[PDB]
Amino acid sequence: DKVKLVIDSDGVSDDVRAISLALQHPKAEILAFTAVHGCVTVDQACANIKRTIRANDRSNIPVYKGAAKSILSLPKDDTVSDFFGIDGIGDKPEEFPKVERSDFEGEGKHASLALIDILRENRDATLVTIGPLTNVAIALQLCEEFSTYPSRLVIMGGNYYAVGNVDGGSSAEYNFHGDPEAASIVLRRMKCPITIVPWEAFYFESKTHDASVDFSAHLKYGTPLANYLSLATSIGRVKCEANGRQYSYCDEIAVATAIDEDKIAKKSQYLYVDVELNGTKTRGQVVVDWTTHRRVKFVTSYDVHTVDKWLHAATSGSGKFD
């Protein structure tokens, strides 16, 4: 009755909160983490994930370093950002837990090779992606049978009404924008069930959630984990608040959906989709057949109140996830 997880992540503010949720939730069993380039470099992602494990008073979970670049490494696709800090998590390396030089090293084996090996042996595990899809796509390029290895794939990324969240010249969502080829490969060639948490799920209900949930309340308990997550989210919170809104949950929702999909996904729809690669403004956009597409489940509305309750349980140490 535990859910076995492998989480692939670019290790910035929301990623580390999402990973903390998974490390504290009693239903979750984390087999490994895999780091991918994204909002920060892959080395920094690796370091942030390892630092987060320590913050959660855990050990002996392997973190594998993966792709440094997108498949093509085209400059127009680049999504590296200092929005959350240069280090992705508040730029305070001396605060608990203090950054160590070994944090920037992985277990040894490339993430893509680790994904193959781990999921071959653990066919009942869920793979959750909360960065660009590069590691998963490289696994497929190496081993077409990997298409069947995960029990389920839960992706934070993409869209279904072409609502982009990178900039005004693209209709792509951030993680897809960061490696459009990889997203194309994964959506077309995976054979397990896929659940996508699209950008629209966040976009359309953001003003409503901002009125009804205090997204900072779980940070205030004064536990080590609360204090670490306060630091990690600090620069994101200040910048959002300067624009009159709260820094709200994103990647956390994908990890929560992995843990209990029926609880967190209030509404969902199955759609037949593919990814545009060649358009000037639409590269990285999901294209839906509303009239080589694959049927995928989209979460169209999520239970933000349950995710919030779980984060309070995680940071307070209450253990109250029911």
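In this text, residue numbers run from 1 along the sequence as written.
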Missing residues, deposited sequence, between residue 291 and residue 292 (class: none, 1 to 3, 4 to 9, 10 or more) = 10 or more
If you average the CA temperature factors over each stretch, which comes out higher, 301-309 or 8-16?
-> 301-309
Can you tell me which stretch has the higher mean Cα B-factor, 67-75 or 237-245?
-> 237-245
Per the PDB entry, maximal CA B factor within 169, 132, 158, 193 | 169
Can you pull the Cα B-factors for 173, 252, 200, 105 from the entry and say which is highest?
-> 105
Looking at the entry's B-factor column for C-alpha atoms only, identify whether residue 28 ranks in the lowest, middle or highest third of its chain.
-> highest
Report the third (lowest, middle or highest) to which the CA temperature factor of residue 128 belongs, ranking only the modelled residues of the same chain.
-> lowest
Chain-relative C-alpha B factor for residue 177 (record values, thirds): the lowest
Hey, what third does residue 212 fall into on Cα B-factor, ranked over its chain?
-> highest
Of the three thirds of the chain ranked by Cα temperature factor, residue 86 occupies the highest
